[PDB]
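There is one chain below, alone, in structure tokens, taken in the form deposited in one PDB entry.
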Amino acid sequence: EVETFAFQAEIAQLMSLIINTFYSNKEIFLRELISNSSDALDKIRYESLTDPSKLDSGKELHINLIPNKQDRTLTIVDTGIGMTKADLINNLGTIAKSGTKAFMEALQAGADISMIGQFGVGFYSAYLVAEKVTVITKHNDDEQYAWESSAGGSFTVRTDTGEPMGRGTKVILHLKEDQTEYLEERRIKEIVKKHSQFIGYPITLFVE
């Protein structure tokens, strides 16, 4: 059972802009995804202060970076609060309609694509380097779901019965053929040190 949805016009326009605009500084996609993981981890940390049972689905708060050269994928895994099915469908928990508007207005006032995260739509910077993105998530209040999109105006949502996660979100980037540098250990280390050196959770870079 696969459900197919149309992106709202503003989000489809944002995705087309990220895919078709000439912009060389693509590495910022990783900072944006680590930042989103950190926000998810802050949220489960805060909720767990008053209700420690929210950590029954996993006490470890961390971020893993998993490159796979054979599949040409870079996966970012976190054990944050996760997302419900309703949040996935509602632009992955983002204010994507108003955020896209504010980002578009900023771009005309002197901003560049690297400032995308300031408008709450940093997730979509994944399309600077990925031809397809799969988001697997598990929130304490819902079942495990997989969201997927190759852009083109639509996304799918399905239940995910393979590999239960416990709690959190997994973003799988199916890299564009000319963006395989982001699977190289030295390149990932460089980007984490440059843009994410002070994140408040352990970031483990897996090796092959």
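Residues that one form lacks are left out of the comparison. Counting begins at 1, following the sequence as shown. Heads up, when I say rigid core I mean the largest set of C-alphas that superpose within 1.5 Å between the two forms.
Although it is not shown, the form deposited in another entry is what the next lines describe.
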- Superpose on the rigid core, then report which one of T134, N91, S125, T84 has a CA displacement of at least 2 angstroms between the shown form and the other one. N91
- Taking the shown form as reference, the Cα pair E32 and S98 shifts by 3 Å or more in the other form and sits closer
- Query: Once you compare with this form, do the C-alpha atoms of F123 and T94 lie closer or farther in the other form, given a change of 3 Å or more?
  - Reply: farther
- Can you list the runs, three or more residues long, in which each C-alpha shifts by 2 Å or more between the shown form and the other one once everything is superposed on the core? 91-98
